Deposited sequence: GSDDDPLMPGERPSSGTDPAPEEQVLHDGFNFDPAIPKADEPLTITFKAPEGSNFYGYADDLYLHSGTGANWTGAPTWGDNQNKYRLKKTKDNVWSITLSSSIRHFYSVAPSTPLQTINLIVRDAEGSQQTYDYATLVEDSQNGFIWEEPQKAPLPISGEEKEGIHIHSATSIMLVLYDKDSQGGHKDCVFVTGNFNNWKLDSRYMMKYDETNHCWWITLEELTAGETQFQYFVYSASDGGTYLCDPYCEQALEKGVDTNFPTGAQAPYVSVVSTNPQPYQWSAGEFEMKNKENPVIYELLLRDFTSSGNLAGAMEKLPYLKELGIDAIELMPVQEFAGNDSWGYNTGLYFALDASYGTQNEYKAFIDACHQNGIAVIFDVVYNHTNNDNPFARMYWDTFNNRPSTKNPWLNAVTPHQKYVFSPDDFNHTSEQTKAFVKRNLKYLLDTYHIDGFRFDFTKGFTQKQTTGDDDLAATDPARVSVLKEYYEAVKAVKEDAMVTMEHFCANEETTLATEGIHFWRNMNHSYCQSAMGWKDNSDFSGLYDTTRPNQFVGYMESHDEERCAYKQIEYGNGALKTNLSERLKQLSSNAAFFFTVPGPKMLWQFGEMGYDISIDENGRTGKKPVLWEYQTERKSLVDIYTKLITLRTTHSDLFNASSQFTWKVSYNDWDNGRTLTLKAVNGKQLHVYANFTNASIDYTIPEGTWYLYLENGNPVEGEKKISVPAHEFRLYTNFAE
C-alpha cells in the first residue's frame, strides 16, 4: 500500500511524532495536482481535535515532495497534535486530504494507533475454526443471558480478507481492546468471538482493519435491532455513526390459530405507507384503522418498506439494514402485534422489499469501500462499484445479483421475514434492477436478460420453499420476462394508472382499460388504477378535468365510482393505494414526490358515497367469490371506440351466475337497453330488455342473483 496513506513509523505511536505521506493513484482527484494539500483529521470514532472544515494553518499543510506525493509531520506527538489527554486511549486517527478551498477531498479513512502509555499494545490476530456448523453461520447467536457469539463474514471478490477485527460496545466503553479481537476461520471466511459476562441491552459495532483499506466502524448486518445516529437520542456517544447493533439476551411476543389469506388466487391488496396512513405515522396509529380496512373488505395490506432505512422520514426505498425493521414505526413486538391483529381481522400482510440497492450505512457497503470515489470497492463481493443500469441509480450501493453471497443473503432475509414476522407474501421493488448488463437507457435495460429471469426464479422458489402459499409479486415492467415468469407463478404489477386517470378526467384518448385483464394468465397480474409511484386520479380531475369533472365534487365521485365498477368487477388480483376509496386528491408532487402527505380521514365522511361503492364492490368478491374465478367467462368493451354509447362488462361463472356493468364516462346521459333476463341492482329486482337513461358519469351494476 504505497497508493493512499503511508505512515512512518509504520506502526503509529500515540506519544511519538508521525509523518503521513499521501500518494495520489492514477485517475484520482489529486493525480497531477500542482499545489499543496491539507489534512482534515481527528482521533477515535468521533474525530476528537478535528479542525473547522477548511482551516489552512501551516500545521494542516501536506507539502508536495514528489510528483503525486505529499507529506505532513504531526510534531511533538500524535497525542500533542490532537490535544488529547495523556490517560485517554489514542487508538485511531481519521484522515481526509483536501484542496485549500475544501472542495476536492478524499473520504472517511482511519488507521490504527498503538498507545503503550494506556496499555493498548497490538497483538497478532489468532486463527481458530468456527465452533458451529450449518446454514446461517454469520450474524448474532445468543448462548445465554450473559453470552453472545458474533460471526462476521470476510472475503472480498479477489479472495482476500482484513488483517484484524475488534468488537467495541457498552461492555468495554467503546474502546479497541486485545481481549475483544475476533479470531479468523480461513475455511469459513468468518471472524468470530464469544462475548461472556454481559450484564438486558448489549450495544456493539465492529472496527475492521487492513493495511490496504485502513479502519472502518460498522454494525452487524444480521442485527434485529439498531440505533441510528441523528434519529435515536440514546445513540451511544462512544459509537461512530451510522449504526450500533442492539441484542437483548427479552420478552418474546406470544402469537394468538392458523392463518390463510382470503381469495388467495385473486386478492384485493391495500398499499399502505405507515408514515402517511395516520397522524401518528406508525404501527400504533395503523392498528386503530384495522376495523375500517376489514369492513372495506380487503384481503391483504402491502406495507411500503419497513426494513431499517436512512433517517425516520421516507417511503423507505433506502434500506441500510435488512434483518432490523425501522424503530420509527415501532418495536419488533409492535410489528408482530400489528401483523397478528391484521390476521385476527382476516387480513394478510405483504412486505415491500428493496434488493436492487442498499445505502452507504449498510455493513456490506462499509466492509469494502473506495475512500477515493466514495462508493463500494471493486473488491466488494455483494455490491458493484458502479451501477451497471446507468438510467436508474437510486443509491451508490447497487447489489450484484450474480454474486453467490448476494443471492444467499437475499434468500436468508426472505426466510427470516417469513419465520419471524409471520407475513403472507412479498412485493419485490424494481426487479428490472436485478441485472449486471451495462445499459444507459430504458430499451437496453428492458431487453431480456436471461440471468435476471434466472435469479428472479431463484428468489421466488426460495420463498415457496419456506411458505408454499406465500404470495410473490414483482414490480418488473420487462414485458417479455413477465410472460416467461408469470408461467412460474410470479405475480406482476400491471400499471393501469394512465387509462383510469384519462377516464377519471373524462378524456376518451388513452383510456383503454383492457390491460387490466391478461387473457392468458389473468390471476398473475396485480392491476391498479393507483400506486404510491403514480399521480392520483382524483387530483388529475382538479388539474385537467373535462368540464364539471374539474370543480363538481358530486360528478367527480360518480366518475371515480364508474372507474371502480370497471376495476373490482374484473378477474385477477387488484391493488388500491391508501385513500383512493375516499377520492384522495392531493397531488403526489405536493411537499415533493416522496414528502409527507396530508392525512385526510375527514374524506371518509365528505366522500362517504365513494367509500360505500369501493366497499360493496370489494365485498362482492368475497360474498360471490365463485363469480371471480379465472375459469369464469370475461368479456368487456373498454376501447377508444367504447365511449359515446358507453362501456360494458359481462362476467359469467361455470355455475350460471352473471354480473353485468354499464358505465357512461361521457358528460351527457346515454340511453341503454338492459340485456335480456331477470337482474338485480346488487349495490341497492329489474326486468331486462328495458330501455334506461344512464346519467353522465354513472354506472349500472346487474347480477342474475339476489343476495
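According to the record, no C-alpha positions are given for deposited positions 1-25, 225, 276, 284, 713-715, numbered from 1.
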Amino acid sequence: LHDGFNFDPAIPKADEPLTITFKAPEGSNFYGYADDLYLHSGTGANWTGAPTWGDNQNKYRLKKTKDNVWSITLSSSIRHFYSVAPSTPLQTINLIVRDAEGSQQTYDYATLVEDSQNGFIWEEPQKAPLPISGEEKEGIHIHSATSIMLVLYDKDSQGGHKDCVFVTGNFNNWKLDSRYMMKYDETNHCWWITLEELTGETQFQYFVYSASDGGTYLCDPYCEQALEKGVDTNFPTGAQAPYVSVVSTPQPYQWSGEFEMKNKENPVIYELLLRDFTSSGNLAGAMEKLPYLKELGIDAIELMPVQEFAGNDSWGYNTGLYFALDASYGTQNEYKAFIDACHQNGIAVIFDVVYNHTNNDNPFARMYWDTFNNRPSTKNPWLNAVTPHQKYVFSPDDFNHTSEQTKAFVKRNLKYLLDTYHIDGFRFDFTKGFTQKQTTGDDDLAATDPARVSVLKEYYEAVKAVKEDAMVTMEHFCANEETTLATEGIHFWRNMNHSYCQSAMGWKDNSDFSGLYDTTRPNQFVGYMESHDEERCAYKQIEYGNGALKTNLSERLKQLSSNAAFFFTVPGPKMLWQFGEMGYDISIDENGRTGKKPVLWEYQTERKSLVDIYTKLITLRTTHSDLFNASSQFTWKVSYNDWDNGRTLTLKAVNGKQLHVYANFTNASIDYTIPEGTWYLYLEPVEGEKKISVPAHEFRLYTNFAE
From here on, numbers count along this sequence of modelled residues.
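Stretches 347-355 and 626-634 differ in mean CA B factor, with 626-634 having the higher one. The mean C-alpha temperature factor is higher for 128-136 when 128-136 and 389-397 are set side by side. Going by the entry's values, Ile121 shows the largest Cα B-factor out of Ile269, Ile121, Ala365, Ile613. Comparing the listed residues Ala564, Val570, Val247, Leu557, the entry records the largest Cα B-factor for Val247.
When all modelled residues of the chain are sorted by CA temperature factor, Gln104 is found within the middle third. In the deposited entry, the Cα temperature factor of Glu295 sits in the middle third of values across the chain's modelled residues.
When all modelled residues of the chain are sorted by CA temperature factor, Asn29 is found within the highest third. Ranked against the other modelled residues of its chain, the C-alpha B-factor of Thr678 as given in the entry falls in the highest third. Per the PDB record, residue ranking by Cα B-factor puts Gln158 in the highest third of the chain.
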